[PDB]
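Questions regarding the structure given below will be posed in turn.
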Amino acid sequence: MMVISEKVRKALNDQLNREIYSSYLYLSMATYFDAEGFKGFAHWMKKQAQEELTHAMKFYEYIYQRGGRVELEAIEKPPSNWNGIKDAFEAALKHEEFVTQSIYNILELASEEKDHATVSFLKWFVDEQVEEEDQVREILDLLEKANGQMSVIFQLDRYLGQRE
Amino acid sequence: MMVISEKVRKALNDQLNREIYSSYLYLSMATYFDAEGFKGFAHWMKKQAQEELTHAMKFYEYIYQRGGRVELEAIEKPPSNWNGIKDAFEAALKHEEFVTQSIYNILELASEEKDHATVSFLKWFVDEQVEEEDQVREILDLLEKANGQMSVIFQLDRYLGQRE
Amino acid sequence: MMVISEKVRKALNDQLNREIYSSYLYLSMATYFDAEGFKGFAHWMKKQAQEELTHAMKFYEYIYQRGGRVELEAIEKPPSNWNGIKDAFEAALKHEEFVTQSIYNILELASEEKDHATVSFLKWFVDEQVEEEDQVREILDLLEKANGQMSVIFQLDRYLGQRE
Amino acid sequence: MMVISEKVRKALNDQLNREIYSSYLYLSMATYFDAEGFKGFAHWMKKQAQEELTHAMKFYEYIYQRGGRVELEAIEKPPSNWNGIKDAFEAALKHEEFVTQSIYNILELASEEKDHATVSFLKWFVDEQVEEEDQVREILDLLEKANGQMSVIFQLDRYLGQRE
Amino acid sequence: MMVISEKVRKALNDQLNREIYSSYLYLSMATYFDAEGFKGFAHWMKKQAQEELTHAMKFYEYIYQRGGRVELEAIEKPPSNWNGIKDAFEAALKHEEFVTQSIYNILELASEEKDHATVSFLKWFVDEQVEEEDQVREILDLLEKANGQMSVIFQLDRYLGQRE
Amino acid sequence: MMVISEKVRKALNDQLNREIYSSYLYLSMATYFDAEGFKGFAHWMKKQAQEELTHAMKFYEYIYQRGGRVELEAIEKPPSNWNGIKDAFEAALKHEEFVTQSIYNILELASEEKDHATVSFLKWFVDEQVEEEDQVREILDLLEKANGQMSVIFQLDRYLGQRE
């Protein structure tokens, strides 16, 4: 039997599908960077996409751990074009901040229901979101200091292309 | 400059999006097996989902190798339920055979345009499809011999749950 | 269900039986060389016979991979005598060319039916036939320069007797 | 000079050709098991076929050791269908017993001619036949206890599929 | 005896000589880069010249494999000078695209003659050409971003100078 | 600025192009030996050709070390038919002696202009030419003793085919 409420279950399932979209969005940023010839930035985005899938799968497994079931929904078509390298990363930061607020909404919902198990499960994503936002802000700071100079952009493209 | 025709480029991009859906479909079959309590079958489908992503990324990189560009499209909601283990794998076989026919269509299109580079690139997928169909047919044959016997279904579950 | 046409399955099954005969013929060339006291040439022919069996089993497994079935037919009696070492290799070359044309006929039949999976599977044998024909032409060219000189035939026998 | 009588050479050469047919018969049993979807039983039959070839080559080398020569004959078409797993292994047992009696017949002919070298050479095959018959009787005994229960057949298929 | 048509042997021998010129052209681009003081770009061109020689030798060995012989022709004087770093690489890309179409022409000729051995042999060069064209396009894209800035050109020189 | 005289740079550039032709000539002797079926002699010529390229590149790098520039010239069509094995190696000796005399002419020109750096650089080639002439003279002496005997020519072919 399911030991999460149907509201909490739906919120977790909604977030799972939101995490799938996050993965798709970053792949679409890879398609942009590859079109612009920045294979290192594209590689970073491909790695980021795979990292979002592991986020989706940890929502996946917690739902089944609490006796729930996952239902996959349609994934909306992501943007595919940005006005420059910085515009794509600014869009990524705005998306991660939106993801953080979506995690907060589940946390507050689970808290109102005294679903302590789900509140505590979500804390990993709270801490992880602090990292994901910080890593994009750091990239944005390096792009702002580069100020469009291709010598510095090349060094950061190769650097982000070294992602593990 | 793009050295594939727009027609061939669109055929390859369409197939990339079909591989994305294929991955999503197998993940949704995993959600079905996990809801039914068959963690080994669900594990098999998760491994299958990741294999489809490598198919999409192969199309991805070939498109850019020939000067094209990838555009990600919306992904349709896959089914989430099947009338049994055999029904799910029969749906899997029918989908893989459909995937093979779609690859065949790109091959014949590239062939009539004398796009030998794309014809030759597609050979890996032709050979790979032979094995994808054969492994589902083997599973279906084993499920047919099991004939609903739970002791034998349990053997098949943990066996497929060992997937590499 | 079988996903090769009955025409294509019959062509592959016919070739499987042809590969069995090719194996048998080379064993019968071994019986001739051993009767003549040339154990190195005989050893080469025994290794050649085993190589043909691996070709036959490759056809075997591809047929079942495509949902077909193998039927073994009677194997005709091969010749057991040749007019010297060079005559035997002339027969080997003539046989290998016949095998190559038989592979070609399956390839053209599969291509007419747009059976791309079988066309691509047969590529390995086209390439292998290039090597097998070349191996015998090289031996024949050496025998033509040898002109029957026993010192040269002995070293060639010892060398071919070293085949792994 | 040949130091076996022609009668004994013909007996040994006839048996060599019988071993070739035995190999072909077991390969044909593999085509049956593979058509029935029992890849472990099929694997067992493919290994049995290669072992029969080593028997043929043992007769081969002894014939030449005694100054005789081997003549390969036509290989009859083996049956390709059986009425079940038990029926195939029963046919295998009946064939191995027939092979044993054929070896016994050479032994008695050689001993009548006081060909002690051939009498002694055949001792290895007498002993080998004891094991070949016993290995099939053991398989038949397990199939009789299994009585068609797929739970037991699956494990026996995988077990025989491990034959080295 | 030659088992390729004389038309195909001439097409292959012509392409071998074209590969020889290709190495010479790249060596001549090296002389240009070395005169301009870019040892990394020159090093890249010297590696490219040796790669073209391995292409010529592949054609060489296949011609003899099929019973033909190679005839070397005069090598035309390549251009010595270019209007800049980008101008040289644009000429290289235009040449590689010309080499690809010449290979395409041999494939279509062999295919029309049903010379499946040569058709299948040429697939390696089709695939290699995709890599050769792409490698130069990437360099041209990086040179376009450099926009003449010596700070960025020094990065590309050192980077291309690390080619193995 | 260029610190070799224009006369010395041209003499060196001419010799560079001469070394390219020597490489091409030896490749063409390889085409002859391969057409005649002597893969060992052909192997020797292929190694010699690659050795001539390192000679050319040594001239290449010294020219730029002295501030000069390399200009590649047209390469003449080499001969492709010799009367026999010994005639080809006799032509190889004759060519190397011509190369040695061409090096002598540069050395005497450099010494007259008091270009001690070029005089000292050319000593490596003086000593190297002594070795290259000597190794062809040794092969010719063995071919003269063979006196056309194919058993002995085969031994020399195998021996020269072991060249590293």
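Per-chain numbering from 1; labels A, B, C, D, E and F assigned in written order.
Following the convention adopted for this analysis, a residue touches a chain if its C-beta (ideal position, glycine included) is under 8 Å from a C-beta of that chain, and two chains touch if they have at least 3 such contacts.
Each chain and its UniProt protein: A, B, C, D, E, F = Ferritin.
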item: Which listed pair, A-B, B-E or A-E, duplicates the contacts of C-F in over half of its pairs; value: A-E
item: Chain pair with more C-beta contacts, B-D versus E-F; value: E-F
item: CA centroid of chain B (Ferritin) to CA centroid of chain D (Ferritin), Å; value: 44
item: Distance from chain E (Ferritin) to chain C (Ferritin) - Cα centre to Cα centre, in angstrom; value: 37
item: Separation of chain C (Ferritin) from chain D (Ferritin), taking each centre as the mean of its C-alpha atoms, in whole Å; value: 25
item: Mean-CA-position distance for chain F (Ferritin) and chain B (Ferritin) (Å); value: 58
item: Every chain pair in contact, whichever chains are involved; value: A-B, A-E, B-C, B-D, B-E, C-D, C-E, C-F, E-F
item: Contacting residues of chain E (Ferritin) [partner chain C (Ferritin), same complex]; value: 3, 62, 65-67, 114, 116-117, 120-121, 123
item: Residues of chain C (Ferritin) defined as touching chain E (Ferritin) within the complex; value: 97, 100, 104, 107-108, 123, 126-127, 129-131, 133-134, 137
item: Contact set on chain F (Ferritin) toward chain E (Ferritin) in their complex; value: 20, 24, 27-28, 31, 34-35, 46, 57, 60, 64, 69-78, 80
item: Contact footprint of chain C (Ferritin) on chain F (Ferritin) as seen in their complex; value: 37, 39, 150-151, 154
item: Touching residues (chain side chain B (Ferritin), partner chain D (Ferritin)) in the complex; value: 138, 141-142, 145-147, 149, 151-152, 155
